[PDB]
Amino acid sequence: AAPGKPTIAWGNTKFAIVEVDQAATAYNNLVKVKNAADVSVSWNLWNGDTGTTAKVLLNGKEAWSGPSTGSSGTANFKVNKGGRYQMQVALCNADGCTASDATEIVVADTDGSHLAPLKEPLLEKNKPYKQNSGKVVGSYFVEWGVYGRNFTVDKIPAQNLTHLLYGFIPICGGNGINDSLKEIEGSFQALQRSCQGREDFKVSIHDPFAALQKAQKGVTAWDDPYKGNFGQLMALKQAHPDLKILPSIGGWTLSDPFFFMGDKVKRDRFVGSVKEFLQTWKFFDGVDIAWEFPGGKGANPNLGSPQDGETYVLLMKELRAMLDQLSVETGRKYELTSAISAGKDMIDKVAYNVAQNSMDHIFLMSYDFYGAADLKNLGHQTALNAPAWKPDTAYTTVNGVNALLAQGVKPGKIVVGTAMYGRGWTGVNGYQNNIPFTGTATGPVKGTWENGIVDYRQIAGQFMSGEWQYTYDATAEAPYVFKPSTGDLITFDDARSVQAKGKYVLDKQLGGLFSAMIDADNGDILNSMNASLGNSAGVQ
């Protein structure tokens, strides 16, 4: 007669192709990429003949076979594709095969193939839009926003984006390489710990707890291998396979290492580490280069060289070549983008007419034009045009776009930036004709999280009532609020100024809109970005 029906033993059923060491702070030890997951199953036979061959089936297909030598057995085998499998043990002899009931096993991989889709309802004022304009709708999500700001990946209005950028991936390096980090308490030391045993100029993860280990919605079970931002982003990819999720390398305080990549030895090491990063973290769709900035004038006053423009073009070309090779190895399309200064002086340090041939999108940082770092020259921080009281204003969105177009950049490459926050001053005084910008300030406005910067959510929630004046400058296309008693003045984007940017993008056939940072919106800004670009309301 055929063998008795085996009973699968109680045991671990969760396995991982990319393993995460739960007691490691160094990135080199934190993650172990394998070619396949090591899977184990055991069984008992409580009634009958144990057969002569035992097999482990996954969805009916044999993954392991061996002699059946007793009433209990154990099988160890490899599974090289992530997902969920109906696993059975079968005992076979000449008279037949008898299969156990199925037990589901989970084989994790960093594409999120093991995860249920993270499809969360829209929050606050966010309304559903379909991505049918063909325009970029992008936003940056910051790794540290999960702490005080409490803004996690499940709160991203993901259906209302084409591009979600993750800020920020650091480049390893200690003294002289990441000195800008020393201005943030504990941050330099955190990077050195992540990069222990890891060569300078390879990428790493700045906050592995936030990125991979903090419990979050959908990834709370202790043996879920990927938690934190990355685990949730994997599940988000399962819900939105057309969403492009890009890691952004650099930003204000992690840009110092770019200034050394004129040395091709370092540049080659960096590019190879980016390829390895994308082979490790499969939910990412490319790379964003947020080098602030070629030529200097970023966080570090001691960095910046006339060579930087050439280094930038070489970097984009070599990144594109690496991504093209990754693309044909995987069958996937990979994107290369960059966040760049919107000032004409800065733009003309780089030959974007050449670099554009390597790049899918240029994220034009048409914001932070003015702020509390200068208390004497006040202006709109993210306006489309110059205001009427100073038509020669240098730093406007249009002047940045025009600088790119004058180089020969194709307009469809250019993604215009919107601000989900205000910048502002306190004690504004000595202004003429009821225009506070013509005065001077005594300090920064009190911020939501940092001096001089206010979340748009708080502008809308607190500074659009009481004594606060509200004015929409229709020449510049820029709103501002002013508290006369204290001289508090805040410049920001609102639904109308975003609408002007979106219409301007359509009229000039630019690439779309993007924002920083997604956590600071209440929905008004992203709603207007979508509507003004012609995205249809509703869900597709």
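Residue positions are given as counts along the sequence shown, with the first one as 1.
Of 68 to 76 and 461 to 469, the stretch whose C-alpha atoms average the higher B-factor in the entry
Of 461 to 469 and 68 to 76, the stretch with the higher C-alpha B-factor average is 461 to 469.
Mean Cα B-factor comparison, 387 to 395 or 94 to 102, giving the higher one as deposited:
The entry gives the higher C-alpha B-factor average to 387 to 395.
Just the C-alpha B-factor column, please: which of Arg84, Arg320, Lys297, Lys227 has the biggest number?
Highest C-alpha B-factor among the listed residues goes to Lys297.
Among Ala406, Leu364, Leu246, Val271, single out the one with the highest C-alpha B factor in the record, please.
Out of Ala406, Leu364, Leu246, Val271, the record gives the largest C-alpha B-factor to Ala406.
If you rank every modelled residue in this chain by C-alpha B factor, which third holds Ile8: lowest, middle or highest?
According to the entry, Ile8 has a C-alpha B-factor in the chain's lowest third.
Quick check on the deposited entry: does the C-alpha B-factor of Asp256 sit in the lowest, middle or highest third of its chain?
It belongs to the middle third of the chain when residues are ordered by C-alpha B-factor.
Place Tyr166 in the lowest, middle or highest third of its chain's C-alpha B-factors, as listed in the PDB entry.
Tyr166: CA B-factor falls in the lowest third of its chain.
Report the third (lowest, middle or highest) to which the CA temperature factor of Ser338 belongs, ranking only the modelled residues of the same chain.
Middle third of the chain for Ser338's C-alpha B-factor.
Give the position of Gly173 by CA B-factor within its chain, expressed as the lowest, middle or highest third.
Answer is lowest: the recorded C-alpha B-factor places it there.
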